[PDB]
Structures are given as C-alpha cells and as structure tokens.
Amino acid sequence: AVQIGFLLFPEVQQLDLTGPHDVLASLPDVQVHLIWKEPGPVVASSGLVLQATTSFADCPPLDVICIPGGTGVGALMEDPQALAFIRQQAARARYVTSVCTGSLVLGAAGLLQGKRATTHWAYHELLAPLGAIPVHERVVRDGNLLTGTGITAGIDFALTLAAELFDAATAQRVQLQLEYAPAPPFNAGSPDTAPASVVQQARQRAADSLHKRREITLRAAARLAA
C-alpha cells in the first residue's frame, strides 16, 4: 500500500490539500494521512474545519509527502518540530511535493538548497534566500522534488504521480472517473496574463504578508547558514 501524507496545519489554504487528496484517495492500494502534532481538528484559513488523522510520532514512513500552502506557512517556517519531521520523511520518500507557498516550508527545512523550485507569484523573491534556483514555471521538477503553483497544482501533479506510481492508463481512468477537464471563464491566473490594474490590486493586498515573510525568511536562512 503506497503511503501518502499531507501536512495539515492551522491557517492552511485547504484546497491546496483537498484537491490532490480526493484524486490520490481514488487510487487502489493507497493510504492517505493528514498529519499534524496530534490527531484532531485543524482550522483552515477560510474557517473550514478539517481533522488530522495522525501525529508526527505515529506517521508511517511515507512514499509521497505533500506540503500545502496558506497563511499558516509563516508559523511553520519557524516550527522546529514540523521542519524536523519534513526532513526525516523527505530522506526516504519517493516524491517530495508542495503546492503554492508550501515550497517556502520546504525551503525553511533546507530541502531547496541548490534545487530548481517555484512558489506563489507574489512570494517568488523568497526562494533565492532559501538556497533555491528560482524558476517561473507552473510545475518544476528536480529529481524527486516537485513544486507547483496554483491552488489546484496538486490535482494536476497528482495525475502525474498516479501515472508514475501505477501507469498512464490508471491516471487516465481516474481523470475520466472525475470528469476532470477544467475551463476557467477568465484568463487572469498569472501576473503575465491578468490586466495590469488587477495585478496592482493583488500585489497591494499581499504587501503586508510579503513584508512579514521577508523577516521570517531571513531568520530561516540564518538557521540554514548555521
């Protein structure tokens, strides 16, 4: 049974997690874990209440680890217990993955040093101080590392993982079962395609968060320098 784990933390962006969870949970011979310090309720940034299924100590060795993003990433980047767990699991995992700002947590854990990676467009400048080679692409692979952008990156890369863990026909079957064929009614999902006025509104709304994360990133980088 393939063991797949998601880190579930307070103020997570839940769709970063719940998208790939429903796809991967559709596969045969897969056990999916929602991991936090103890089993029990964890509140997403929207107020949605989710339920962690296992503690760090009780989690089995994972074949796939996935770090979602969200508001709550800032606290995680300085959580020594969480970072140590991620490093332990990444050592033996076949795939180490993240969605959106989840790659900043991999960065704080030291797992992006010398690695190509992406993150959310508004926070992309924080990759280089964590030792990454920043790449402006939606899915970036470097060995067993896979970082993706977009709240639904994990849906798309879950189909890639299905094809590699099983076969292409299995991935295609799951896609058809879920009738997954997105068609967004707008083309504003990148700062390169959105209107300049919209990019300004979005940057201004992210500015306080980016300022705080610059401070956190520099402390995280100092710990990696030690």
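Don't overthink the numbering: it's just position in the shown sequence, from 1.
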item	value
Comparing 48-56 with 25-33, the one whose average Cα B-factor in the PDB entry is higher	25-33
38-46 set against 65-73, stretch whose average Cα temperature factor tops the other in the entry	38-46
Record-listed C-alpha B factor of residue 171: chain third	middle
For residue 116, the third of its chain into which the C-alpha B factor falls	middle
Third assignment of residue 143 from its chain's C-alpha B-factors	highest
Ranked C-alpha temperature factor of residue 82 among modelled chain residues, by third	middle
Entry-reported Cα temperature factor of residue 216, expressed as the chain third it lands in	lowest
